[PDB]
Amino acid sequence: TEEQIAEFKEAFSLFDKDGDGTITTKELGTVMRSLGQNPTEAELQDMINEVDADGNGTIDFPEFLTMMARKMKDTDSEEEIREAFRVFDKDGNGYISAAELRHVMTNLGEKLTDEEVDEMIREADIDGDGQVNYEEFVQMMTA
Amino acid sequence: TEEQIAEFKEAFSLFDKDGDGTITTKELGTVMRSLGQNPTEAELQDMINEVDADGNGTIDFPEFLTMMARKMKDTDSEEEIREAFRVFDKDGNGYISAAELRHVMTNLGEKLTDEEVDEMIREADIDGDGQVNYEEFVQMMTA
Amino acid sequence: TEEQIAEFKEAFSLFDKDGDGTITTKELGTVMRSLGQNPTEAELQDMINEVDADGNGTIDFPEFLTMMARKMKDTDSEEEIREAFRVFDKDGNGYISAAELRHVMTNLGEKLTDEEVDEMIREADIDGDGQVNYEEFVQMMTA
Amino acid sequence: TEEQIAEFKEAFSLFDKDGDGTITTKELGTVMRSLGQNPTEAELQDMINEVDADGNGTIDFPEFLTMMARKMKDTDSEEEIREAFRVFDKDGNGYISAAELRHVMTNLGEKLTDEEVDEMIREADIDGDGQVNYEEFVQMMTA
Amino acid sequence: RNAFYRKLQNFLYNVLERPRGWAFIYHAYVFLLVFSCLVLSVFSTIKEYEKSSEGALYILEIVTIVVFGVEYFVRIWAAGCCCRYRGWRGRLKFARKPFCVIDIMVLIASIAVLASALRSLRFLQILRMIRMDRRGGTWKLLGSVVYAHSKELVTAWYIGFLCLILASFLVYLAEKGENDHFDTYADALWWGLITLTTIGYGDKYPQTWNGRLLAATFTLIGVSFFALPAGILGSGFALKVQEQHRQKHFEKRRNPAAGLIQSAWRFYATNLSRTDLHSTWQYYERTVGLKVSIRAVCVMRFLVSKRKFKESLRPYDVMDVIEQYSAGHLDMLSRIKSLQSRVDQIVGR
Amino acid sequence: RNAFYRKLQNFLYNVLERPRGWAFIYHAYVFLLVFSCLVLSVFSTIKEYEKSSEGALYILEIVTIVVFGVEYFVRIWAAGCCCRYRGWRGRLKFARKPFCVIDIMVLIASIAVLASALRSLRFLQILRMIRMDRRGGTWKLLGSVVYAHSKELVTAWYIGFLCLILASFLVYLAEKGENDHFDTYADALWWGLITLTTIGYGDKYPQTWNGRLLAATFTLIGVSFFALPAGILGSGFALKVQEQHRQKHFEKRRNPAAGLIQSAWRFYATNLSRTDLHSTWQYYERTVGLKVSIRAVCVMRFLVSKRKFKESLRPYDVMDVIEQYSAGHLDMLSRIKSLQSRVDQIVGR
Amino acid sequence: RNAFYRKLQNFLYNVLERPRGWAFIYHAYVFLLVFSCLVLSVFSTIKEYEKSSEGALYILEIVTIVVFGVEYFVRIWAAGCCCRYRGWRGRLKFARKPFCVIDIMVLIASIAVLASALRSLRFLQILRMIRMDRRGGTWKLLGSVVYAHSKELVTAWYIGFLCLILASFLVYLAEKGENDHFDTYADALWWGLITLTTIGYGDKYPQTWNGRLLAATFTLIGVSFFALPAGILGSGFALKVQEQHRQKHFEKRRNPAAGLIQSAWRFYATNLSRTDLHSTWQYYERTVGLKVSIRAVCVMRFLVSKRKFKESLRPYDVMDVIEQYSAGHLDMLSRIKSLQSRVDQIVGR
Amino acid sequence: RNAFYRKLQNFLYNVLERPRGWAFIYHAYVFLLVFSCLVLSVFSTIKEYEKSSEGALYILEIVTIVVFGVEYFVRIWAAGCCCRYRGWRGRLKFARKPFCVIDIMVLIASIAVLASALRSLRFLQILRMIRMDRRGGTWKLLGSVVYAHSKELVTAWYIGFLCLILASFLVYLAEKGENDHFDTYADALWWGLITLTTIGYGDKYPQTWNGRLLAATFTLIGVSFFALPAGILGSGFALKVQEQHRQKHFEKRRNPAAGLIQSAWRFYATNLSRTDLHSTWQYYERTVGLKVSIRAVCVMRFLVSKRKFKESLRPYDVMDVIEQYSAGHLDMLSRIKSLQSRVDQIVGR
Ligand SMILES: O=C(Nc1ccc(Cl)nc1)c1ccc(F)cc1
Ligand SMILES: O=C(Nc1ccc(Cl)nc1)c1ccc(F)cc1
Ligand SMILES: O=C(Nc1ccc(Cl)nc1)c1ccc(F)cc1
Ligand SMILES: O=C(Nc1ccc(Cl)nc1)c1ccc(F)cc1
């Protein structure tokens, strides 16, 4: 919509530090540092490659809007998401203890906090037993 | 018996430094350091896992009594013990020189002293020839 | 020709720092350093082995003239050159973007400058589309 | 002979620094250091194992005399020696350039000098062409 | 109830779908029934056991189609257990699955026989036999290994095939006149073919001293050549299974999986579909168009997480070996260069 | 005497049990006797050598059962050579070994024949033949490799089997009318089966130009398919033997074995069953409920030694490879980070 | 036009030359035509289908030779698409290619048949069949693996062959008198040969109890021995394909390729054939007989680049493994020795 | 002359001994002659070509024994070309070589025939055929791989063998009465044996519907089982050749070889047999019972060089891999601990 495009344009200028119609990796570094995170040149470059389709090295507003307008159902992440959960589903049943899901999710790599993972358990562990029916959740979200 | 349980309770409080009904890894570190040994967090944690059956991370008195009340015959260590001796039985006959058994036992990893290994030779090398009939010994002990 | 041999003799004395009728590795090191490059003993020794046929360790004028009088067509480098271009021809068609050819050629190992690679594109990218018809170029040169 | 045994006894006391009827590794270290070489504990221990047959850790005079009274023909080193020369006989013919034999022998590991390797060429390169007929030499010596 | 009703539908769905060990055995028993029906038809072909035939085969066939439609309806009604199919339209598109499509078609034709025919009957039993593997992963596996070995396979067949022709030609000249067996060149074609194939009917064979002489030579060649592709494909399977077990040993993708899902849920929280969710909303506001900032930041980050996960999904045994191999060496290089730089910074002090 | 009596009992026990090279040859000779008896029974089947038969077979069979019970009593009486069986009750439970159980049962039945019968006789000789492998490790090994290769094996059989059916069907149509051989579909079933199996009885075979045409094609397919599983299992064995030799190359568990036994004897000394033992008691009192302190400390430590040993019991070739691989790299990482930290601590000076 | 004319000539040249997937299929269809012509000749051999034969085979053969010369002229005229052949003389030397030479020879002979003959005809069809593989890489591949396995192959054949002879000898003694089958020693030669080859004609076979007895033993030996070389070559192919894929995994030669080409173009610029080119001339004059200095410097450097590239062209999997393996270890050694030297330089401060 | 005379003797000695490529071809031609003589004897067996036989075989045989003794005398007289044999006594002990011994024995017996006989003649030709491999390395190689695969091999044969027996038993019951083929149990023994061996004479085979039914099952089992050992040994060879080529890739023993030879020549110089040699004598006197000091020092050092060389003679691919693997990791450990110690020594400053 025009509202979404104009609002993405305002956020783009926020991210578009140099204002060249694209987002450069150095914009990305300084913006993430402003948010507190220290993104490496490889990370910001990977972000560009994710967003950049023309392959210019700087994220123009078209690529940003294309990325933003997509949804989890608009991601084709169903097989991917259930693959991940099955990797973290050691027994293969379709459930893993939400405790362990917190223990790895909130405690692996770009880990999250206890509150975010708790809401993850609420939205994921559909019956709320700790054993998240991860394929049901990935279906409800990725679809 | 009530005597064994009460005596294990007294020793448990000795080990139960914090007195939470379980033995925490830090209790284990400080107790072993008191005995002179410096147990790492992984070692004390492994000790808990050996003793801890409920999986709390701290050795309660139930797990301690379950571990203590077991005997070598209550260990099912026969195949394990004879496997070890066969690894240290290069020729496979069922005998190894008690000298070499001292040389590795008292001189490998958590090694022991000459006196302990000498008593090991006495109780192990049944005929007292230096060649410990290790399966006879593992049978007499592990049974 | 006598002109080429006498001119190669003058350049040989230029390279023949010690004047022993051969070029020693230390001559090579100091000469390359004079040109700005720092050639290792292994590199200068490899240069000798390339030029040195008798295997003395020092490049006499005969070996230098034999090397110099050879041409790319006098190199048998056709299969070699097209092998290289095919390695740098990922799709196998017989063309690679002259941009990428600059990106690797002028930016790999003993890399060159933008102007040299631009003339490379001019002489190589026969139709001048960026996609150098590398086998046509290697044929026109290596032949 | 009695002369050889008494002379080996005098040299043994020279090597037998502690005079325990055997040569200890520390005797070996200090003796080799006296000759200029710095033998490690592993090297001197290997020397004992070579000489020591009873396995005491110190070279008694019996083991020393047994080692000394042996000759190259008393070594069974024919297959071993020709194996070595064939390893250093790249072409397998039975000859290698005495230059290269100097280059590796006098320049590999416990290398020797040019004069020793020159006498090696004289005794080895039977026809004196530089190409040592190494199996003829190993036969003349190892036999 | 209705909730547990749906959960049973979905569970039973993957029950009918890939089962782990238990329902796999169940479908096995299914195969037992169908295969037995086949064999009974086999005996049906002979008239000497006809009267002892129709009852079992007839009624059992009926039972078979019964359970066929049974599992079919379970499949179809449990089609909403996935995400796409639901209500009536999506699951309809599920019916658009050509497997399901032709399955139902043959299903009703099987119904049609309820009222030359037996020949089609046999063919039907074949087709239902093909039904055994639903996903047909067998075929994919085979074609995989075959195309992997295309060149050497073809060179094997081609070469030995030539050996066939030359052998037959020479033998034809050697025994065509002498032996009736070998009268036309096509004769020796047939003979040499079955010869090098180690079949050995024996209805024809050389009797000329000259023939047998040349034959034995060509035997020692041809038989080996034709047995080649068997052993080739065999060892190929054994290897590929080993390496598949090896990558089963090495996945390592837990890290990209976590970061993938993390950025994913970051999007889901930032996803304005649920603003009542605030744990990640509060996280983004506390970790600092601020809404689109948090959202778009997660979109870009989570997108790179998508690619980093997918790329990380396939780290291979010697692949990881050499990458960390070069890595560790080059790492050590950077480490030692930093060591030289650090000490030499101290050198100027 | 009595002590040496017992030691001989135990030694001879494992003599009858797994021998290294010597008694293995002895039991081999045992197998020689039994197998020969089989073959003699084989000739016993014919009446043209009957009179030259009964004496040898009869008396030899008697001898066989003699040595049977001989080794049996040696087994049973040497059952106390282990730990469990002893006196009369434990060794009785040893008799509860179903191998020993049915062995004795068949033993007495063999006695029963001392006084249709010959048919059971043959069957008996079979069963005694099964007796050859006591532990039956053969079967475990095979089933191991098979289940390891379950998928590809099944896909092989299934696919080629389908090829069988289709081939037979087409040939049936091609030559059923023309050739008597192929009259019923079951006929071609039998024929095509033995065809693709490279057996080639030859009693039936095509004679229609059309049949032979299509056949040769299907031959080139089917024969390869059926030979697949042979080569597959073969190479599987060869590999697995190589890797088994590799782990024979790599055990490394001496360290956990030592610490295991060390903590073990620590328990045994701390074990109040023997307080006269003081070397480890003096050790514990000198290395400082003090009794239960030393004991329980050893129990906890020795228990972790149990698990550390058992876990360490199975370090595998590429397993150890990658673990120390990642380890060495990450180690270097910690080492270099410590190097940076150390130099940079010096930087502030 | 003329330029695009030439470019089409060159492109179509490698079209006729190695195509990637598309023209490969085209030449496949070519093979389809030729092979079919073969088979039709096969049916031509019989008189019972003669009248239904000549038209198709005759006209189709004509068509075949048509497309033969077609592709031939495309080949020859596209011979200048390389570097050597050009104008009329170089491409003439291209005609000196013995493949092209004998191709044209047989070509005209095929023309000769336009006006015993059929026997030569069949032979012709064989030869044209050999034409299938132009480069014949098949043969090179096979001979590669064979010579790689020369020793074990020969020991296999030789040993089992001896088994053949001994078997035949003993059987000859056993059944020569009793059975007509086996009358001369050459008889049993033939029989045992086809026996151990798993062919099993069955025209002759033992009937002496004594013969069959000894046979089965020798069977269990011989059959295995003769099947050896099949499985050997098979697994050999499977391995070598795996390792070839592995080196396909590892090339690494991009660096020497770049430096090679770089020094190459350095020569080309320094190459006085083109002095109007100045980018590398200006480079050499700005990077400082100055002309021969820049030229000869490039010649020496580019020559070492030639050897460094060629040597780098073949880095192998375990080759690179152990070289960097020793390298990294020895590197670490130099690194740590530098670390000791650096710290100990600081020790004297 | 005499010197060159001896050198020719020694060179020709290893000529007759292992030749590289050239004389290998020569002995090949030798084999050609002997083998041909065999085949001619083969035709000698038949009377229909007798008159066309004796001349060639007779004279050629004569020629054969001629070259036999020729190479024999070359062998014997070139026996001093080694070290042991010399003059008359040592080379006599060379004649004590049982190969040489029985060679000469059969040699003279071949002479004996110069003046039932033909049967021994054939046997002679066999034996001379065995002469082909002098060192017999073939047999060693085979037995190597076999004993390497003892267990799985035996389990293969044993298991399938049992399958044989059970199959034959059931078939015997099924068709013994119905079919004459199968009358005695030994009959079905023979049949099932050749059945599962894929030979398929076809003289006997089931005709009972019940028999064929059970058969096909047992076929699918037995045929695979018996083909097992073929493929097993095949892939075994292919592997072992690969690994042998791998160790051909990795020797590394040049260092211990050099130090070995160095200490060796140190002994030889110190060896008082040659005191006129002074380069190493001067070396020992200049590198400082001084004579026995230099000698005994070299003896001890050179002896450790002997063991270090021999031990270093067998560094294996994964052996060296893991040793330097653990080594490099533990090395890094010592290196980093030294790094910590060095920096922390600086910390107290
Ligand atoms: O299962 C059936 N057909 C089929 C075929 C192939 C595949 Cl792959 N799947 C399914 C089927 C069910 C009911 C019926 F009456 C007739 C046939
Ligand atoms: O050995 C015997 N049966 C048996 C069978 C299978 C296995 Cl695995 N072990 C033993 C046996 C001994 C004496 C006798 F009279 C009859 C039979
Ligand atoms: O292709 C032909 N011969 C050939 C044979 C082998 C190879 Cl390898 N290449 C080519 C051919 C073309 C035209 C014609 F009339 C007759 C024969
Ligand atoms: O070569 C001969 N026998 C032989 C056999 C086996 C081996 Cl392994 N080596 C040699 C031989 C030479 C002359 C002769 F008259 C008869 C026989």
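These residue numbers run from 1 along each chain by written sequence and may not equal the entry numbers. Residues without coordinates are not shown. Just so you know, chain letters begin at A and ligand numbers begin at 1, following the order they were written in. Hydrogens and water molecules were not included; the side-chain quantities draw on all heavy atoms of the structure. Residues with missing side-chain atoms are left out of burial classes, side-chain pairs and their counts.

- The record lists cryo-EM as the method behind this PDB entry and 3.9 Å as its resolution.

- Chain E appears in the PDB entry as Potassium voltage-gated channel subfamily KQT member 2 from Homo sapiens.
- The title given to this PDB entry is "human KCNQ2-CaM in complex with ztz240".

- Under the annotation held in the PDB entry, chain A carries the name Calmodulin-3 and is attributed to Homo sapiens.

## Describing the UniProt feature "transmembrane region" in chain E
All names here are of chain E.
Part 1 of the reasoning: Within the UniProt annotation, "transmembrane region" is assigned to residues 22-44, 55-76, 95-114, 118-136, 149-174 and 209-235.
Part 2 of the reasoning: Helix and strand shares over residues 55-76 are 100% and 0% respectively, and the end C-alpha atoms of the span are 32 Å apart.
Part 3 of the reasoning: Secondary structure within residues 149-174 divides into 96% helix and 0% strand; the distance between the first and last C-alpha atoms comes to 38 Å. UniProt positions are given in the numbering used here, feature names are shortened, and annotations may be inferred rather than shown by experiment. Numbering of helices and strands runs from the N terminus; a helix is a DSSP stretch of H or I covering at least four residues, while a strand is a stretch of E covering at least two.

## As for the UniProt feature "binding site: Ca(2+) 4" in chain A
All names here are of chain A.
Part 1 of the reasoning: Sites flagged by UniProt as "binding site: Ca(2+) 4" map to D125, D127, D129, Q131 and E136.
Part 2 of the reasoning: Assignment of secondary structure puts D129 in the loop between α7 (114-124) and β4 (131-133).
Part 3 of the reasoning: In this fold, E136 is placed in helix α8 (residues 134-142).
Part 4 of the reasoning: Categorising residues by exposure relies on relative accessible area from a 1.4 Å probe, with only protein chains included: less than 20% of the type maximum marks a residue as buried, more than 50% marks it as exposed, and the intermediate range marks it as partly exposed. Take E136: its relative accessible area is 31%, and that puts it in the partly exposed class.

## What to know about the site of ligand 4
Residue and element names in this part refer to chain H.
Part 1 of the reasoning: Residues are counted as near a molecule or strand when any one of their heavy atoms sits within 4 Å of it. With respect to spatial proximity, the complete set of residues near ligand 4 consists of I65, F68, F99, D103, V106, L107, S110, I130, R131 and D133.
Part 2 of the reasoning: In the environment of ligand 4, an oxygen atom lies 2.8 Å from a nitrogen or oxygen atom belonging to the side chain of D103.
Part 3 of the reasoning: Accessible areas in this description were obtained via Shrake-Rupley with a 1.4 Å probe; residue shielding takes into account the shown protein chains only. Across the complex, the protein chains shield 91% of the 430 Å² of accessible surface that ligand 4 would expose by itself.
Part 4 of the reasoning: Put simply, the parts of the chain that give the shell around ligand 4 at least two residues each are α3 (54-77) and α5 (98-112).
Part 5 of the reasoning: Of the residues forming the shell around ligand 4, the biggest block, five residues, is contributed by α5.
Part 6 of the reasoning: Tallied by class, the residues present in the shell around ligand 4 amount to six nonpolar, one polar and three charged. Residues adjacent in sequence count toward polar contacts only when both atoms are side-chain atoms; beyond that, a polar contact is any pair of N or O atoms within 3.5 Å, and within protein one must be able to donate a hydrogen and the other to accept it. Charged means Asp, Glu, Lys or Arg here, nonpolar means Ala, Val, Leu, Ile, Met, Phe, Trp, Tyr, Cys or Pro, and polar covers whatever is left, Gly included.

## A word on the packing of helix α4 (residues 61-68) of chain B against helix α13 (residues 290-312) of chain F
Part 1 of the reasoning: Comment: axis = line fitted to C-alpha atoms, over the contacting stretch for helices; angle = value between 0 and 180 degrees taken between N-to-C directions. One can describe the packing of α4 of chain B onto α13 of chain F by two numbers: an axis separation of 10 Å at closest approach and a directional angle of 90 degrees. Regarding the angle of α4 of chain B to α13 of chain F, the classification is roughly perpendicular. Of α13 of chain F, the residues touching α4 of chain B (which contributes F64, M67 and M68 of chain B) are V292, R295, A296, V299, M300 and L303 of chain F.
Part 2 of the reasoning: Residues of the contact of α4 of chain B with α13 of chain F, tallied by class, amount to eight nonpolar, no polar and one charged. We call two directions roughly parallel when the angle between them is under 35 degrees, roughly antiparallel when it is over 145, roughly perpendicular when it lies between 65 and 115, and oblique otherwise. Contacts are residue-level and defined by heavy atoms, with any inter-residue pair within 4.5 Å sufficient.

## A look at the interface of chain F and chain H
Part 1 of the reasoning: Across the boundary between the two partners, chain F contributes 54 residues, which contact 55 residues of chain H.
Part 2 of the reasoning: It is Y201, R335 and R342 of chain F that lose the most area in chain F upon contact with chain H, and together they represent 16% of the buried surface on that side.
Part 3 of the reasoning: In what follows, salt bridge is the name for a side-chain nitrogen of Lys or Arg lying within 4 Å of a carboxyl oxygen of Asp or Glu. Inspection of the chain F/chain H interface yields one salt bridge.
Part 4 of the reasoning: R342 of chain F is the partner of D344 of chain H in a salt bridge, and the nearest nitrogen-oxygen pair spans 2.3 Å.
Part 5 of the reasoning: Counting the contacts that link chain F with chain H gives 13 residue pairs in polar contact.
Part 6 of the reasoning: Residue assignment for the side of chain F that touches chain H shows that the elements contributing at least two residues are α2 (22-44), α6 (117-130), α7 (137-148), α9 (185-196), α10 (209-249) and α14 (317-347) of chain F.
Part 7 of the reasoning: Taken together, the residues of the side of chain F that touches chain H break down into 32 nonpolar, twelve polar and ten charged. Put simply, buried area is the surface a 1.4 Å probe can reach on two separate parts but cannot reach once they are joined, added for both.

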